[PDB]
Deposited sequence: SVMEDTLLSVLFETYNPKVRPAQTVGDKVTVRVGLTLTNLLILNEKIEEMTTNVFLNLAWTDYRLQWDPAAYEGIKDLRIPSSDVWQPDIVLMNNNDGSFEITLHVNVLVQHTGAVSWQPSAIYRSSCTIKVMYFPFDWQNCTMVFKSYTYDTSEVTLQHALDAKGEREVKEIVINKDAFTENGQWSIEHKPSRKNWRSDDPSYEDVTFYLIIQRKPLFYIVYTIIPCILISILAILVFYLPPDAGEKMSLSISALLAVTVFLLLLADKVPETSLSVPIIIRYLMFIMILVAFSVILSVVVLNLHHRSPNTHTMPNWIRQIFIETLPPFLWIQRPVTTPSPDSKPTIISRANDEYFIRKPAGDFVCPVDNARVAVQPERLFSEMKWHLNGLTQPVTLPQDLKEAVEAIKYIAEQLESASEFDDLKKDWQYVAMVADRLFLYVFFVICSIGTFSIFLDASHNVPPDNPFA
């Protein structure tokens, strides 16, 4: 309308958007600062950056932008391009990339009292310090630190935004159910907002928005933990294979290689920080070492099973432990020509008897291998079972605190 043109011309006749509106020298401009989250897009743990789609709700008062509505056809407010008015340089200080400012410069809403509200949109990428200790059963504490890049506390005073009814402050991120998409990998547990100062810097003030998000680990469970549980089952089973099968090495080594491959391909999805080892990596390394000891003890059992009196003499302690004491506990207890012909028969018989004695001793060696293998089966079942249970119980007992502390 023409009246809007006249009002804009009178408003910005001598208005300088370079100059912070301070009616008297020394005045501070109060800046409501609030955040509306429309989408928590990504929490890229490899580069420790959270990507969010937010509306930054800002409100301040520019005394220069005042008019009487009755003198201008009752125009109570205007939508003005944001570049034409002074704005506080509110930026995301902890942005991971170099993008400090908003993306969308929407029009500011200027009311006749000078109350300027501004709700620009931005796809922000903030640096979030990832605690890997319990990944993927982890809850991250990602913050979006907002403050004026230019003005300090002596120039602007940051405050919390107001709710729809301008009655009480909203000390949290606003989530509009109508416009908000759940991540599907993260559930927002706490979303408080708080002003922070620095005791070593009286000129510093910011508004920090905290996002206490808990990972939903179904993906990692299904794709890393269950396969590794199956591989650990196989590693246990290797101690039930008879050494005569000639396949204990195949089974144990395949389990070791499978667990190692799982660790290698999981290394791509875990952060590269070195402040702690994630519960998943600790579990995978546990299973790797257990399977390596499975390979070692399968080699030992194969060695025992293939000894013979022609190569080894059985020591007394192995006989004592693995023949009597252990098996009960494991329930695994077990005419010249006629003279020449008679000499031939005698030789055949004594040769058969010698073979029988040799076979008895070789069977003692095989029984020792069997008993040791059963002992290892039980020990490894117990170790794998309770170690896995303990690790995953520890992971399960990891939830964000009821009070966000901020």
Ranges missing from the model, given as deposited sequence positions: 335-397
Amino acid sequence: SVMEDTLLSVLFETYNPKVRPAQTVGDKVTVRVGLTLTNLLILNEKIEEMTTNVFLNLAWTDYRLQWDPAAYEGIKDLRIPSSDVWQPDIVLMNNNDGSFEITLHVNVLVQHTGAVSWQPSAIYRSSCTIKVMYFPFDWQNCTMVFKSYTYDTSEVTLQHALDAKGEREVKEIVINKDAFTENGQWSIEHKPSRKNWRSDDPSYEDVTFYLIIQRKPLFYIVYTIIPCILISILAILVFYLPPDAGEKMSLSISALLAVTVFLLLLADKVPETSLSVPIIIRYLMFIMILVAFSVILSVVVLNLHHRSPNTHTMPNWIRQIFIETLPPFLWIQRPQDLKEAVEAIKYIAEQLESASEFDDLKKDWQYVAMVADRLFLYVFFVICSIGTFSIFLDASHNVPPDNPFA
From here on, numbers count along this sequence of modelled residues.
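Here, rigid core means the biggest group of C-alpha atoms that superpose within 1.5 Å across both forms.
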Segment of greater CA departure in 8 other deposited structures of this protein, 101-109 or 257-265, core superposed: 257-265
Core-aligned Cα RMS comparison in 8 other deposited structures of this protein - stretch that moves more, 36-44 or 348-356: 348-356
Residue 127 coordinate gap across at least a third of other entries: no
Residue 336 coordinate gap across at least a third of other entries: yes
